[PDB]
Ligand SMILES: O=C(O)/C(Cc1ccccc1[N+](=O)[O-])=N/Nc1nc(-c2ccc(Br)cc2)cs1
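The data below hold one chain only, encoded as structure tokens and taken in the form deposited without the ligand.
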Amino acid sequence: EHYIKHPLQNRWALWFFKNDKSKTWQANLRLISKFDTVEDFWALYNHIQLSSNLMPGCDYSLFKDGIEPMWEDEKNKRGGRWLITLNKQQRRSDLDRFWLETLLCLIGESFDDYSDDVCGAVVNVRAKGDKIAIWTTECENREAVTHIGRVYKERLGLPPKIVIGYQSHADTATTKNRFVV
């Protein structure tokens, strides 16, 4: 307790995507590193660029170790994501705030029993408008998905006026909302 690091429920892996049109989507997706304590998380977060500062076309992904941040993964292919669409004014006011809140929801296991349904989260930095999402394992788990959505929206501080949607990765890889909150 005087000397022991604070362990997390899960080990997490941070990934970085930079578009290179000469490579497959997968090959542009690279591991930064992994951590399984609070201290190790802050050691990583504190040395890397804020999302608002990345080049357009870059992503961060934070996924539970053993889950690859792509829809092909066993634990992603039946799932989907809660999506936050930002405009260009929100890159300034909201992007980095929202992303850090998202990471804290993951590492802290903020969704009670349904934190097990969380796979990971991704921030897309794009000229057109940034996106943040939380991916869950099974689009058919209505209680899990719906509980995660509610608590996420609460944690982000989004007003009742703003409505966010959840889309199955099947639909996206083929977009309609299975749920909104």
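Superpose the two forms; the largest set of C-alphas matching within 1.5 Å is the rigid core. Start at 1 and count along the sequence shown; that's the residue number.
Annotation: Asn177 does not belong to the positions left without coordinates in a third of the other compared entries; each one with flanking residues models it. A summary of the deposited B-factors shows that, of 148 to 156 and 117 to 125, the stretch with the larger mean C-alpha value is 148 to 156.
Relative to one another, 21 to 29 and 159 to 167 have unequal mean CA B-factors, and 159 to 167 is the one with the higher figure. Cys105: CA B factor in the lowest third of modelled residues in this chain (values from the PDB entry). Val38: CA B factor in the lowest third of modelled residues in this chain (values from the PDB entry). For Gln49, the recorded CA temperature factor ranks within the lowest third of the chain's modelled residues. The PDB entry assigns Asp65 a C-alpha temperature factor belonging to the middle third of its chain's modelled residues. Among the modelled residues of its chain, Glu140 has a C-alpha B-factor that falls in the highest third according to the deposited record.
Separately, the form solved in complex with the ligand exists; it is not shown, and the next lines address it.
By the criterion of a heavy atom within 4.5 Å, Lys18 is counted among the residues contacting the ligand in the bound PDB entry.
In the bound PDB entry, the ligand sits beyond 4.5 Å of every heavy atom of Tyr152. In the bound PDB entry, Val38 stays away from the ligand, with no heavy atom inside 4.5 Å. Contact annotation for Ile67: none of its heavy atoms lies within 4.5 Å of the ligand in the bound PDB entry. The candidate site formed by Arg30, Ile48 and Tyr60 is fully in contact with the ligand in the bound PDB entry, as each residue has a non-hydrogen atom within 4.5 angstroms of it.
Comment: 22 to 30 is the region of 22 to 30, 108 to 116, 139 to 147, 152 to 160 lying near the ligand in the bound PDB entry, near meaning a non-hydrogen atom within 4.5 Å. Shown without its partner, the chain has no residue in segment 61 to 85 with a non-hydrogen atom within 4.5 angstroms of the ligand in the bound PDB entry. If you fit the rigid core between this form and the one not shown, you'll see the Cα of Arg11 move by less than 2 angstroms.
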